[PDB]
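Undergrad:
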Amino acid sequence: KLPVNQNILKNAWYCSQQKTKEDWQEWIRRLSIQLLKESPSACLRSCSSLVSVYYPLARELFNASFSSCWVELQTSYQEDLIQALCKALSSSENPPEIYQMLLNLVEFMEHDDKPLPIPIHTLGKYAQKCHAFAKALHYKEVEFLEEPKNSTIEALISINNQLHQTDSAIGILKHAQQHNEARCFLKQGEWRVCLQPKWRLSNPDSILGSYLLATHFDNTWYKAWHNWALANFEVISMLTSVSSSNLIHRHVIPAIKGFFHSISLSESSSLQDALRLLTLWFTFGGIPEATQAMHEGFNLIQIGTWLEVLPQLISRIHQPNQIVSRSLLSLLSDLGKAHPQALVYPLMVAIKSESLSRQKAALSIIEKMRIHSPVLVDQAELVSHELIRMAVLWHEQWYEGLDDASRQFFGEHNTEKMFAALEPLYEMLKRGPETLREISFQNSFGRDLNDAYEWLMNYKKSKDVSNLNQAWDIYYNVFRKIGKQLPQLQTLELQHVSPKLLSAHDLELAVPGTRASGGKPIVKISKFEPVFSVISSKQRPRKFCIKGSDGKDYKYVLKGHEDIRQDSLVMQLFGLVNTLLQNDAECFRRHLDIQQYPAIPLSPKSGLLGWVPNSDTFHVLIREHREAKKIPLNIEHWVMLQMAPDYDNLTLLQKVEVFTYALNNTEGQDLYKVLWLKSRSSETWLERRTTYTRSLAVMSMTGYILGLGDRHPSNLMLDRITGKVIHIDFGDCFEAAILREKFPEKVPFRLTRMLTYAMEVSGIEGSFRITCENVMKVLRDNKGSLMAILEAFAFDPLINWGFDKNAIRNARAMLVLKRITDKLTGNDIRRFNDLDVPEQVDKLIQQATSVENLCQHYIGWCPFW
Amino acid sequence: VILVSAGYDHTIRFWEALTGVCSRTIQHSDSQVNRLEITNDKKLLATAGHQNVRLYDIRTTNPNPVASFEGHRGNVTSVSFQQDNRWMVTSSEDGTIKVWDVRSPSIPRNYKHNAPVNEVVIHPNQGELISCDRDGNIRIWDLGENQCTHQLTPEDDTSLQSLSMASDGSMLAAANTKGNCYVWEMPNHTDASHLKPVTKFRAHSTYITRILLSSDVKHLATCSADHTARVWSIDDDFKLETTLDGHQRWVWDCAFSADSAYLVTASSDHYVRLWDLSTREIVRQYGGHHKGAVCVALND
Amino acid sequence: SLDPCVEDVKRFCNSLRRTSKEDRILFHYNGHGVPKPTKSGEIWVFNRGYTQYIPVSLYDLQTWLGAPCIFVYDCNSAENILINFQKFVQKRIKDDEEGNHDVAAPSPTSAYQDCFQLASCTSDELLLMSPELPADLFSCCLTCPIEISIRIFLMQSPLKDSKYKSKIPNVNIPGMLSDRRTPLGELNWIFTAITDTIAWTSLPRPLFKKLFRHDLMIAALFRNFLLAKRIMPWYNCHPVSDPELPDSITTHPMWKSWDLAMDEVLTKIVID
Amino acid sequence: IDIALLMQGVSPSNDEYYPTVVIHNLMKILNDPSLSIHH
Amino acid sequence: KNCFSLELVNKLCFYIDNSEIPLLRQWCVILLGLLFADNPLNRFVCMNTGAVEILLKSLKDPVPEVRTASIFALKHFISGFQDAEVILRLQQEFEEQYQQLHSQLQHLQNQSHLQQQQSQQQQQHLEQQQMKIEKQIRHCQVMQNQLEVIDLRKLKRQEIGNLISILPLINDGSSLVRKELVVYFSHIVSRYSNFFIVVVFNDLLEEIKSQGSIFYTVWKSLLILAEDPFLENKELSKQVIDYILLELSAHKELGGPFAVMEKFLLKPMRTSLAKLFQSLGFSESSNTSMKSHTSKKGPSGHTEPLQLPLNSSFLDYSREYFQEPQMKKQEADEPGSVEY
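Sequences listed follow chains A, B, C, D and E, in order.
Counted the way the entry's author numbering counts, the first sequence spans residues 1217 to 1397, 1716 to 1777, 1813 to 2373, 2414 to 2474.
Counted the way the entry's author numbering counts, the second sequence spans residues 3 to 302.
Counted the way the entry's author numbering counts, the third sequence spans residues 148 to 312, 333 to 439.
Counted the way the entry's author numbering counts, the fourth sequence spans residues 901 to 939.
Counted the way the entry's author numbering counts, the fifth sequence spans residues 732 to 940, 959 to 1016, 1069 to 1086, 1095 to 1110, 1132 to 1170.
1. Here's a check: name, in chain order, each residue in its chain whose Cβ is nearer than 6 angstroms to the Cβ of residue 885/E, leaving out the five neighbours to either side.
2. Would you mind reading off the limits of the alpha helix (DSSP H) that contains residue 2029/A?
3. In the stretch 16-29 of chain B, which residues sit with their C-beta less than 7 angstroms from some C-beta in chain E, listed in chain order?
4. Measure the beta-carbon distance from residue 1755/A to residue 1823/A and round it to whole angstroms, keeping in mind my assumption that it falls under 8 angstroms.
5. Should residue 2260/A and residue 2292/A be called a contact, given that it needs their Cβ atoms to be closer than 8 angstroms?
6. Considering residue 2096/A, what are the terminal residues of the beta strand (DSSP E) in which it resides?
7. Hey, could you find the ends of the alpha helix (DSSP H) residue 193/C is sitting in?
8. Tell me which same chain residues have a C-beta within less than 7 angstroms of the C-beta of residue 2075/A, skipping the five on either side of it?
9. Return the CA-CA distance between residue 149/B and residue 119/B, expressed in angstroms with no decimal places.
10. Between the C-alpha atoms of residue 839/E and residue 1989/A, what's the straight-line distance to the nearest angstrom?
11. Please report the distance separating the alpha-carbon of residue 931/D from that of residue 901/D.
12. Just verifying my parser: in three-state terms, what is the DSSP assignment at residue 1366/A?
13. How would you list, in chain order, the residues of chain B whose beta-carbon sits under 8 angstroms from the beta-carbon of residue 2218/A?
14. Quick one: which residues of the stretch 816-842 of chain E get their C-beta closer than 7 angstroms to a C-beta of chain C? List them in chain order.
15. Report the residue from 275/B, 296/B, 293/B and 203/B whose alpha carbon sits nearest the alpha carbon of residue 22/B.
16. Can you list the alpha helix (DSSP H) stretches of 4 or more residues lying completely in the stretch 1307-1373 of chain A, in chain order?
17. What does DSSP give as the partner residues of residue 202/C in its beta bridges?
18. Taking just the CA atoms, how far does residue 422/C sit from residue 306/C?
19. Using the beta-carbon of each residue, which ones in chain B are nearer than 8 angstroms to residue 892/E?
20. Contact between the stretch 1956-1969 of chain A and the stretch 1928-1937 of chain A is defined here as three or more beta-carbon pairs at a separation below 8 angstroms; is this criterion met?
21. CA-CA distance, residue 2025/A and residue 2040/A?
22. Give a yes or no on whether the minimum CB-CB distance between residue 1124/E and chain A is below 8 angstroms.
23. Check residue 2112/A in the structure and name its three-state DSSP category.
24. Let me know the secondary structure DSSP gives residue 1967/A once reduced to three states.
25. Mark residue 2329/A as exposed unless 16 or more other C-beta atoms lie within 10 angstroms of its C-beta, in which case mark it buried.
26. Is the CB of residue 195/C under 8 angstroms away from at least one CB in chain E?
27. So which residues of chain A does residue 1086/E contact, with C-beta pairs closer than 7 angstroms?
28. Compare the C-alpha of residue 151/C against each of 408/C, 430/C, 192/C and 257/C and name the closest.
29. Should residue 1910/A be labelled buried (16 or more other beta-carbon atoms within 10 Å of its own) or exposed?
30. Quick one, which residues of the stretch 1266-1298 of chain A are near chain E if we go by CB-CB under 9 angstroms, in chain order?
31. Are the C-beta of residue 779/E and some C-beta of chain B separated by less than 8 angstroms?
32. Confirm, please, whether the CB-CB distance from residue 2187/A to residue 2282/A is below 8 angstroms.
33. Which residues bound the alpha helix (DSSP H) around residue 14/B?
34. Using a Cβ cut-off of 9 angstroms, pull out every chain E residue sitting near residue 64/B, in sequence order please.
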């Protein structure tokens, strides 16, 4: 292994006879060259002569050689090399030549493989002397965590000041203090509406006159046209609330003209204006003057605005008025003339929807598309139907048909509802086989299903309880012979599921997913990858891959038997919020960003979600870190289960102390250390921590206003390169979790002990809270626009998924409206407490960081993590 | 005299100070026992577990449960007896007051109520009930009324933990999650809403558990979640009699003796203790619990 | 059997020997995901835990089976097991003197010495592993001779050019084995005649009577064994049977006629 | 793409890593100056 | 399989709680010890129904035979080494029995569908067999549903909780219980060997000059029993410790270090010893040790070899009781004899 050859390197270790940078460099590469001759590795002994001949590869070898030599060197020489490296780092304190690389090597071995016994204060002082400010910051953070000192606190404050971290410095100081102790008319109108509230019979007239004078002085002024139109909107709203039906005629046409002029002036952010106009037309589509007003505004308005503001047209594609229907059909015909590739997917969603009026209205769309391109829609439905049958994979139909029947039969024994479930499940077997996998089930497990069918017939014809029990026994039998091998389908092969997808290649349709502004270029599809990966999320979603015309791969996660389109509508809320942060100068300076992935609604029973690339979730991110140390995964849960045999079946108060016992006994800095481990360098860790902090801050506030809850480390997803958080399954929104029976929440956004320990030494009140005030002020700065956005999808019947006739839905939506307005304003708890922005931030922080507010939760939410 | 304790062992067990060893153990490995209560004349044993209140027999040789009664969706918190044992009530996670009877029961009426209560107490007239909620509310109900009740709000939306009531019909003490407590004086002619508050005492600052006071109205002893058992005076100079600490784990609900001078302490420290309040010294210490002990019952 | 263990191979032998009183039993052993068989006389079988392989002895397998035998091994070194098996049977017929030596067995010892088996290679050398060959070519010889003969002929034909083809031809010989008139059945009949006329003029009279004049199963197996004896030594495998066949099995000169038949049928196929 | 050639030591372990780093640094000799200085 | 029923184990628990004659107080504990032989399903069911708690409370009992029986049962209550294969090894024949009884059920249904009423006849003798078969099936899926929630980790936790309550019987009465204790300790050595191997190095290097767990208590109790006042127990404990001695004599690469610290007996390795603790801590997946011992003596380091899991002839001893007479009084107590 190693012969006796260490008698010559002692002089190169301890010399203490040099006083020059060149002499120190000579000593350094002399010891680096001679380090290889005692290396125990076969792949390192032979490279000694090569390193002696050629120098630069020893720089990249400098980690392997040091790791080889350190383990082989003996304990008495360990402190010798310790003092040698300490004196090397202490010498030549003014010019940093190679001591930064020395500290890089020291931290590199300090990652996981038995760090050196160097004092951390000495490490910090070498970093400070050798200008490594970020390494000094990490060392001083470790020193502060070991023991809090005022000198250390001011050292981190100065470090943040030189690194331009004012938020970090302020937060550290606060933590130390808290622990150690025309234009004139517009101006007149806005000041008037600020000093005196609306909803009278005199202020609307005054602001209407002011806006009319401003428009007369500047007839091409966008905010004037928009303000006049919205003033007519509030007048019409109060008239409707009072109800007249005659004073609305004098205001519907000026509002329409102003909205058209503003849209034609801007053509950039016309989302709210377009949806406002559509809501106005849908509310009053029986005014002939409005009909000719919008007819003459056809030429003034473009088609690109409706192209960008497509989705609500498909959402309201059903029309109860003939004139409204004709106008919408003409508009969508113009949309089909101008890049129809952005609406064919919602088009056959409308085709396969459950509204007979929607299919009858869409027959005209089909007929007008036949004269343009039959091949587009034909190939579109051909490639669609296979994806819906593959999203809802073929055993899941009768799997859910057995399960939903089974638990309600255990509940209250509704045999008619059994028959209703089982009537359509047996239709396609006598209709005709279609796919190879369907054949593979047919020739295997058809006889038991048939026998169950005539046993159902016998039960219907005789009402025989014993044969009902026998039928339920064979149902248990088939449930077993499905559910045993259900988790054994780790992959699906398209050649046997649906080979026609492979047969149809060189597809000319547009690639589903994200779209560009206006008319996006057409991107074709080459083929499909027939291999998929199955995810375990109680629904078995799969990983779909598409080979596009560009030679790259477009990959998505496929979800089935769900009307997911709520995530699609929240996607334009993400678009609006990123637009507002881009518009804000402070947010643009802070470089805030939320990356929304492409996601198209494939069907009322299927959809695609964009999987973010080059990233890993927090769920997986802890497994390899734990098994590197070879320590159990659910360690804290097992530790508290050691004395809590009935944790789940338990009352409110006694869970708190066992949870506290688990927290006290269990260390909670795994993510905090693994980000340092996976960091490329100190500045790498700096950019990771910055991105991590402001991403989690902005996303948790957006979830707070959105009502997005039910967040768990499975849907929490870090980015491998940067560290941004990306969530999945946004069905829970508008605080829908507060109404469901299964353990209603008390914490709005999941900010756990793991997050607090991963936070910097400034704590939750530092840069996180400093970003909190900026996010709250920029979100309160756009009060009217967000309300105009959210007013559209309240009363519609396509949202009742997380809160569940027409009057009841309207009342529930209006209660949601007052609840979210109270949530924004801060008067949701106490009527007298009209809390402002910083008081709201403090209240939210304490209410989310309270332990009782997070302990009482469902195990499905995984509350301990 | 007999006393019984239960906890995370899933085994209820009796105790006897004369022999120093446990006498009888009964397995209930289906749920965690929250509370238990022994009948005054030592005939049946009831408990608060999960969605079921069952009646065991003392003199039998560890049989199957003699009686069992369900009807609550959530887990049950406490049970209230009667001195004539004609009406059995329980308090659960729904606030709906139920009533049942011994000796071949039928189905009586059930009362539905919101604000899921925590603890209940029956006035000695055997016709009136006071329940405490975790929002600082007191619900007063009686068999005579059908839907009307009384609302008492000692604190505004604050998690009132529990309460205790005087067997002589004088005092009503509260228990708040912040360690606060209120004492209410209520003189004779108890069949009226005339609970007059007197003072307010901040005994602790952390979470607290049930307060028990003796039939003789001369003491008020509480126990909290900081290894603290503190007894104050309720009729003589209104000051702290005795504090007690030193327990390894946090002390759970406690019980008294007949002479109002001995008190038991059951905690999750795998042990239970019995003390003389006058001498504030260890009198008995029973051990054998492999897990913690949460609930205890005693009568003489 | 589906990746079996020792408890599996218990009734894998017992349940069939208890229903076949004296008629012969076919035992196929297909070990390729299994390490090398033991020279000391052990055969590796899986456990239920899928973590390590446990030995099963030749006595254990033989006692679970009975006296008639037709064994087909497809392992790597199938020759130490034969040398050992001959040693075990001669040691038990030495113990047949039986002073106090009679191990309880389901079938009499007098019918042990007349039960047949095959082997896969010649000694402790390696199997075939190239992508240009089926991984279980031995049982390919012993259950589908015609198709693999056609494919081996295509891969050994010097006239590879001007032909319609890891490279493997997509050749399909039409028809089925049973029908006489179809080319596949015609090739089956011509192969049967060709492999019988070699054996009759090679082996002695009583050996021929014992091999190809008693039962059709052993007849077909030993007829395919001659084609195995032809092809495997071209890929360095010289299998061993229970009676020693003379080395004139592969050198009998009508393999020219086999080549002529293959040439004629493939030219007819490509012309069609 | 790769800022420093030490990042590849993160995902794998310590023991078997030793020949891997040597081999994927010395397969770069194919260029002319290394080929000229090491024959 | 045929004998283990919940009604039987509950009646057994009732009898061991209160039955007068100590013979059944012996044999019920013996029956549970035999039922706990190698059956993780049985261990899970008994743990859930609380027979473990009853058998733990039955350690303290007047007669010593039932105490030795209780230690024998908790000897059998070690969880299982081939557990991940025995669980499948039981799943297979539960599946096969379910399939066979199901096929028999439909065979009998087809037999009863013979279009013949047969009043007061074979059909009337067949309905009771019908729901008897149904009851057997339902029992089968009850056990099948109990199979998947096995939790070997909770099994190990209950075993390590039982060991510490076995420990206070070191100051017991007879040498019988002491011998049963030393064979139980030998079996613990056999199963959890590496903990003993990592603790002996530290203990005897400290004697030359991690510990602190309840395991160190058993390690010290073995040395306590090594100074027994009885004849056979002394060499029995010596043979138990002889496996440990023979193992650390080499421990492959460790023999050199062991010899180096062995020369101190008359008068990097730290990490090497520390690494082996986590290797079983991960496989895991009040505490009054109190270490009191009159150390007036020191351990100076008939069968020739040593099988590490020692035998226990107590079952044969208890079986031999059933050959002495029971309906008639034995020798030396007859109305006239030599001893009389």
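Positions of the beta carbon are idealized from the N, C-alpha and C atoms, including for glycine.
TA: Put simply:
1. none
2. 2016-2031
3. 27 and 29
4. That belief does not hold up - the Cβ atoms of residue 1755/A and residue 1823/A are roughly 15 angstroms apart, past 8 angstroms.
5. yes
6. 2094-2097
7. Unbroken run through residue 193/C is the beta strand (DSSP E), 189-193; no alpha helix (DSSP H).
8. 2095
9. 17 angstroms
10. 32 angstroms
11. 21 angstroms
12. helix
13. 33, 34, 52 and 77
14. 816, 819 and 820
15. 275/B
16. 1315-1326, 1336-1345 and 1349-1362
17. 191/C
18. 18 angstroms
19. 292
20. no
21. 7 angstroms
22. Gap note for chain E: numbering proceeds from 1110 to 1132 with nothing in between, so residue 1124/E has no coordinates.
23. strand
24. helix
25. buried
26. yes
27. 2201
28. 192/C
29. buried
30. 1287, 1290 and 1291
31. yes
32. yes
33. No alpha helix (DSSP H) contains residue 14/B, which is instead part of the beta strand (DSSP E) from 13-17.
34. 744, 745, 748 and 749
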